[PDB]
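Undergrad: Have a look at this one.
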Amino acid sequence: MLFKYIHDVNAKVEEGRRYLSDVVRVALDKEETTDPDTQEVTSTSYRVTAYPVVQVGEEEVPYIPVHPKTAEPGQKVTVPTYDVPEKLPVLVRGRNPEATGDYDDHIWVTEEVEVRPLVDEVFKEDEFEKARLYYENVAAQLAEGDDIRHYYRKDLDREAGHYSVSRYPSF
Amino acid sequence: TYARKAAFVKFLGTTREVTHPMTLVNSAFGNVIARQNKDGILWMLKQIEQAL
C-alpha cells in the first residue's frame with residue numbers, strides 16, 4: 001500500500017447503500033505475478049481501490065504539528081487501524097407475519113448486505129502517473145463533500161463517431 | 001409510518017306475509033299490515049343491537 005487516505009463522510013453519504021460506514025479508505029498498491037519456481041516476476045500492475053472500513057485496533061505514530069501548533073522532539077499520538085469488513089447492516093420497512101393488531105403490523109427490520117468496493121481500477125507497469133492522477137482525483141472528489149460520481153476512463157471506451165456501431169439500442 | 005385499512009359491508013333482512021282473507025275481516029286492534037311492519041322493525045332493531 002504505497003498511499004493511504006482516510007476520509008470522514010457526512011450523514012447523507014453514510015445513508016447510501018454503497019457507503020455503510022462513517023469512514024472511507026482510498027489506497028494505491030502495486031501487484032506482481034511470479035513464476036512458481038522462484039521469484040522471477042512476469043508483470044507488474046498498480047491498483048486503485050476505495051473501501052468502507054471498520055476499526056480493528058490502534059497503533060503508535062509520530063505527531064505532525066500544524067502551523068498554529070508546536071510539538072515536542074519525540075511526541076507521539078495514537079491513531080486507529082482499519083480493515084475491510086464482510087457484511088454491514090441496513091434498516092428497511094417490513095411487515096410482522098405474526099401481528100395481533102393495528103399497532104404492531106408495520107415494523108423496521110435489519111438486514112445484512114454484502115460489501116463491495118467503491119472503486120477498482122488496474123493500470124499497467126507503465127503509466128504510473130495515470131494511476132497517481134486517478135487516485136488524487138478520487139481523493140479530491142471525496143473531499144468535495146459528496147459521493148464518488150466520475151468513473152470515465154478514455155482508454156477503456158468505445159470509439160466515438162462510429163455511427164454504424166453506435167446506432168444500436170443502449171438505453 | 002402510515003397504514004391503510006378496509007371494511008366490508010354486510011346485509012340483513014326478514015320477510016312478513018299476510019293472507020288475502022285476513023285483510024277483509026274486521027279486526028279489534030286496528031290494521032294488520034302496520035302491526036306486522038312494527039313487529040318486523042322491532043325484531044330487526046333487536047338483532048342489530050346484539051350483532052353490534
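FYI, nothing fancy with the C-alpha cells labels: chains A, B, ... in order, residues from 1 per chain, ligands from 1 as they appear.
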Identify every residue of chain A that has at least one atom within 10 Å of any atom of chain B, counting only C-alpha atoms, and report the result as a PyMOL selection string.
TA: chain A and resi 93+102-103+105-108
Undergrad: Keeping N, CA, C and O atoms for every residue in the selection just given, could you write it to a file as an mmCIF file, in the first residue's frame?
TA:
```cif
data_model
loop_
_atom_site.group_PDB
_atom_site.id
_atom_site.type_symbol
_atom_site.label_atom_id
_atom_site.label_comp_id
_atom_site.auth_asym_id
_atom_site.auth_seq_id
_atom_site.Cartn_x
_atom_site.Cartn_y
_atom_site.Cartn_z
ATOM 1 N N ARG A 93 -38.178 -1.119 5.641
ATOM 2 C CA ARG A 93 -39.545 -1.349 6.080
ATOM 3 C C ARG A 93 -39.940 -2.805 5.858
ATOM 4 O O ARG A 93 -39.472 -3.467 4.928
ATOM 5 N N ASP A 102 -53.518 -3.544 14.961
ATOM 6 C CA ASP A 102 -53.171 -2.476 14.034
ATOM 7 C C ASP A 102 -51.992 -1.641 14.508
ATOM 8 O O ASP A 102 -51.612 -0.687 13.821
ATOM 9 N N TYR A 103 -51.405 -1.970 15.658
ATOM 10 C CA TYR A 103 -50.320 -1.187 16.227
ATOM 11 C C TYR A 103 -48.952 -1.833 16.065
ATOM 12 O O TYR A 103 -47.941 -1.159 16.290
ATOM 13 N N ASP A 105 -48.263 -3.986 13.177
ATOM 14 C CA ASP A 105 -48.223 -4.580 11.846
ATOM 15 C C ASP A 105 -47.012 -4.091 11.058
ATOM 16 O O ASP A 105 -46.302 -4.892 10.439
ATOM 17 N N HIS A 106 -46.765 -2.784 11.071
ATOM 18 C CA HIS A 106 -45.629 -2.204 10.367
ATOM 19 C C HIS A 106 -44.449 -2.068 11.317
ATOM 20 O O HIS A 106 -44.586 -1.508 12.410
ATOM 21 N N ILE A 107 -43.293 -2.581 10.899
ATOM 22 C CA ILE A 107 -42.077 -2.566 11.704
ATOM 23 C C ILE A 107 -40.901 -2.203 10.808
ATOM 24 O O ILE A 107 -41.034 -2.059 9.592
ATOM 25 N N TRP A 108 -39.740 -2.045 11.434
ATOM 26 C CA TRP A 108 -38.473 -1.888 10.737
ATOM 27 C C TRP A 108 -37.611 -3.110 11.015
ATOM 28 O O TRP A 108 -37.415 -3.481 12.175
#
```
Undergrad: Let's see if you can do this: from backbone DSSP, list all alpha helix (DSSP H) residues in chain B, as a list in words.
TA: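 The alpha helix (DSSP H) subset of chain B is residues 32, 33, 34, 35, 36, 37, 38, 39, 40, 41, 42, 43, 44, 45, 46, 47, 48, 49, 50 and 51 of chain B.
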Undergrad: Using only C-alpha atoms, which protein or nucleic acid residues come within 10 Å of residue A:150? Drop anything in the same chain fewer than 5 positions from it, and give the result as a compact mmCIF listing (two decimals) with N, CA and C atoms, in the first residue's frame.
TA:
```
# COMPACT_ATOMS: atom_id res chain seq x y z
N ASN A 137 -7.55 12.31 -7.96
CA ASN A 137 -8.88 12.77 -8.33
C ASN A 137 -9.96 12.14 -7.46
N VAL A 138 -9.84 10.84 -7.17
CA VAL A 138 -10.80 10.18 -6.30
C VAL A 138 -10.77 10.80 -4.91
N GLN A 141 -12.36 14.29 -5.02
CA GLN A 141 -13.80 14.25 -5.22
C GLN A 141 -14.51 13.77 -3.96
```
Undergrad: Taking 5 positions as the minimum chain separation for residues in the same chain, which residues sit within 12 Å of residue B:20 when counting only C-alpha atoms? Answer as a PyMOL selection string.
TA: chain B and resi 25+32-33
Undergrad: Can you list, as a PyMOL selection string, every residue of stretch 8-39 of chain A that DSSP puts in strand (DSSP E or B)?
TA: chain A and resi 8+23-34
Undergrad: Could those residues be written to a file, using N, CA and C atoms, as a compact mmCIF listing (two decimals), in the first residue's frame?
TA:
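Printed below is result.txt as written:
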```txt
# COMPACT_ATOMS: atom_id res chain seq x y z
N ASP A 8 -13.52 11.09 6.22
CA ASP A 8 -14.73 11.02 7.02
C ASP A 8 -15.88 11.60 6.21
N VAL A 23 -16.36 5.99 7.67
CA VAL A 23 -15.01 6.26 7.20
C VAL A 23 -14.78 5.50 5.90
N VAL A 24 -14.20 6.19 4.91
CA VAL A 24 -13.87 5.60 3.61
C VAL A 24 -12.36 5.66 3.43
N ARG A 25 -11.77 4.56 2.97
CA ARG A 25 -10.34 4.45 2.77
C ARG A 25 -10.02 4.37 1.28
N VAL A 26 -9.06 5.18 0.84
CA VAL A 26 -8.59 5.19 -0.54
C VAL A 26 -7.11 4.82 -0.53
N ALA A 27 -6.71 3.91 -1.41
CA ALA A 27 -5.34 3.42 -1.39
C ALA A 27 -4.88 3.06 -2.80
N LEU A 28 -3.57 3.15 -3.01
CA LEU A 28 -2.92 2.71 -4.23
C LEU A 28 -1.87 1.66 -3.88
N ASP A 29 -1.85 0.57 -4.64
CA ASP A 29 -1.00 -0.56 -4.31
C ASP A 29 -0.40 -1.14 -5.59
N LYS A 30 0.72 -1.84 -5.43
CA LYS A 30 1.43 -2.47 -6.53
C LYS A 30 1.31 -3.98 -6.42
N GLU A 31 1.10 -4.64 -7.56
CA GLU A 31 0.91 -6.08 -7.61
C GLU A 31 1.91 -6.70 -8.57
N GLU A 32 2.29 -7.95 -8.29
CA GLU A 32 3.25 -8.67 -9.11
C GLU A 32 2.80 -10.11 -9.28
N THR A 33 3.21 -10.72 -10.39
CA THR A 33 2.95 -12.12 -10.68
C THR A 33 4.28 -12.82 -10.91
N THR A 34 4.55 -13.85 -10.12
CA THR A 34 5.81 -14.57 -10.18
C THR A 34 5.58 -16.02 -10.60
```
Undergrad: Pick from A:3, A:63, A:46, A:51: nearest to residue A:20, with only C-alpha atoms counted?
TA: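 Checking each of A:3, A:63, A:46, A:51 against residue A:20, counting only C-alpha atoms, the winner is A:51.
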Undergrad: Give me, as number ranges by chain, all polymer residues having an atom no more than 12 Å from residue B:41, counting only C-alpha atoms and skipping those fewer than 5 positions away in the same chain.
TA: B: 12-16, 34-36, 46-48
Undergrad: Could you please take those selected residues and save N, CA, C and O atoms as an mmCIF file, in the first residue's frame?
TA:
```
data_model
loop_
_atom_site.group_PDB
_atom_site.id
_atom_site.type_symbol
_atom_site.label_atom_id
_atom_site.label_comp_id
_atom_site.auth_asym_id
_atom_site.auth_seq_id
_atom_site.Cartn_x
_atom_site.Cartn_y
_atom_site.Cartn_z
ATOM 1 N N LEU B 12 -78.749 -7.485 6.026
ATOM 2 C CA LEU B 12 -79.712 -8.089 6.939
ATOM 3 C C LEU B 12 -81.101 -7.983 6.328
ATOM 4 O O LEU B 12 -81.365 -7.096 5.512
ATOM 5 N N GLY B 13 -81.993 -8.881 6.731
ATOM 6 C CA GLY B 13 -83.339 -8.860 6.183
ATOM 7 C C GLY B 13 -84.253 -9.849 6.870
ATOM 8 O O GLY B 13 -83.812 -10.765 7.571
ATOM 9 N N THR B 14 -85.553 -9.645 6.645
ATOM 10 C CA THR B 14 -86.604 -10.522 7.143
ATOM 11 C C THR B 14 -87.838 -10.329 6.269
ATOM 12 O O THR B 14 -87.961 -9.330 5.556
ATOM 13 N N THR B 15 -88.750 -11.297 6.329
ATOM 14 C CA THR B 15 -89.934 -11.312 5.478
ATOM 15 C C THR B 15 -91.188 -11.502 6.318
ATOM 16 O O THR B 15 -91.195 -12.290 7.270
ATOM 17 N N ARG B 16 -92.252 -10.777 5.962
ATOM 18 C CA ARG B 16 -93.555 -10.894 6.606
ATOM 19 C C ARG B 16 -94.625 -11.133 5.549
ATOM 20 O O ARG B 16 -94.546 -10.590 4.442
ATOM 21 N N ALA B 34 -99.795 -2.595 9.393
ATOM 22 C CA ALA B 34 -98.992 -1.719 10.241
ATOM 23 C C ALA B 34 -98.438 -2.473 11.443
ATOM 24 O O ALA B 34 -97.281 -2.272 11.833
ATOM 25 N N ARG B 35 -99.252 -3.342 12.045
ATOM 26 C CA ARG B 35 -98.785 -4.143 13.172
ATOM 27 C C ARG B 35 -97.638 -5.059 12.759
ATOM 28 O O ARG B 35 -96.634 -5.173 13.476
ATOM 29 N N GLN B 36 -97.769 -5.718 11.606
ATOM 30 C CA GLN B 36 -96.704 -6.597 11.130
ATOM 31 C C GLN B 36 -95.431 -5.814 10.840
ATOM 32 O O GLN B 36 -94.324 -6.273 11.149
ATOM 33 N N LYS B 46 -83.667 -5.282 17.483
ATOM 34 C CA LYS B 46 -83.026 -6.127 18.492
ATOM 35 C C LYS B 46 -81.854 -6.908 17.899
ATOM 36 O O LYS B 46 -80.785 -7.018 18.523
ATOM 37 N N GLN B 47 -82.037 -7.453 16.690
ATOM 38 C CA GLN B 47 -80.950 -8.194 16.048
ATOM 39 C C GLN B 47 -79.744 -7.301 15.785
ATOM 40 O O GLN B 47 -78.600 -7.718 15.993
ATOM 41 N N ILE B 48 -79.983 -6.070 15.329
ATOM 42 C CA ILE B 48 -78.892 -5.124 15.098
ATOM 43 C C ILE B 48 -78.174 -4.817 16.402
ATOM 44 O O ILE B 48 -76.937 -4.776 16.460
#
```
Undergrad: Using only C-alpha atoms, which of A:10, A:35, A:48, A:163 sits nearest residue A:132?
TA: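 Among the listed residues, the smallest separation from residue A:132 belongs to A:48.
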Undergrad: Tell me, as number ranges by chain, which residues lie within 10 Å of residue A:60, counting only C-alpha atoms; anything in the same chain fewer than 5 positions away does not count.
TA: A: 76-80
Undergrad: Skip residue A:146 itself and residues of its chain fewer than 3 positions away, then list as a list in words all residues within 9 Å of it, counting only C-alpha atoms.
TA: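 With the cut-off at 9 Å, the set is residues 9, 10, 12, 13, 141, 142, 143 and 149 of chain A.
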